[PDB]
Structures are given as C-alpha cells and as structure tokens.
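Have a look at the structure that comes next, please.
None of the figures in this text is laboratory data; all of them are computed from the coordinates on show. Every residue, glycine as well, gets a Cβ built from its backbone with ideal geometry; the counts of neighbours run over all protein chains shown.
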Ligand SMILES: [Ca+2]
C-alpha cells in the first residue's frame, strides 16, 4: 500500500513525465513511458515525483 514516495514528495503523471523528459531531454520515449509505468506502482497513470528523483539518484550510482 503506502510504500512509494514516503518522503512526502509530490506526484506527476506518467504522460506528463514522459512529455517533460521528451521536451527537456531527447531520450527514447519508449524508456520514458516504460520507466514511468514501472514507477507507477498502481499502474494508474500517475507517478510520484519522488520516484523520478530516486530513480535518478539510483541511476546516478556508478558501478
Ligand atoms: Ca500511481
């Protein structure tokens, strides 16, 4: 249930997230929508902004 964005952070939608990254970046939208839908725990079309920041923080980690 209540597990994601427990930081108390805002929420954006999948389409707006893909759109934002589609216009503020030029990465393959396939990944954009897939990642948003993967972060979309409820599969509702809405994704926590926390998820974006945490996924970037996690992707930021070099290996
Ligand atoms: Ca959701």
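Residue 34 versus residue 2, label points 7 Å from Cα toward the beta carbon: distance in nm?
3.4
By the gyration tensor of its Cα atoms, with a ≥ b ≥ c the square roots of the eigenvalues, what is the shape of the chain: rounded for a/c under 1.5, prolate for a/b over b/c, or oblate?
Values: a/c = 1.77, a/b = 1.19, b/c = 1.49.
Since a/c reaches 1.5 but b/c is at least a/b, the shape of the chain is classed as oblate.
I've got another one for you. For the residues 40, 63, what sequence is obtained by ranking on other C-beta atoms within 10 Å, fewest first? Could you put the intermediate results ahead of the total?
Working: 40 18, 63 2.
Result, fewest neighbours first: 63, 40.
Once you keep just the Cα pairs under 8 angstrom separated by 6 or more residues, what percentage relative contact order results for the chain? Don't jump to the answer; show the numbers that get you there.
Details: 57 pairs, mean separation 26.3, N = 63.
After rounding, I find 42 percent.
Have a look at 24, 53, 14 and tell me which one the Gaussian network model of the chain (Cα, springs below 10 Å) gives the largest fluctuation.
Result for the chain, Cα springs under 10 Å: 24 fluctuates most.
Oh, and also: Which of 18, 27, 49 ends up with the largest GNM mean-square fluctuation for the chain, with Cα atoms connected below 10 Å?
Its mean-square fluctuation being the largest, the pick is 27.
I want to make sure I understand the PRE zone here: with the label point 7 angstrom from the Cα of residue 41 toward its beta carbon, which residues in the stretch 1-20 have backbone N atoms less than 14 Å away?
So the set is 1-12.
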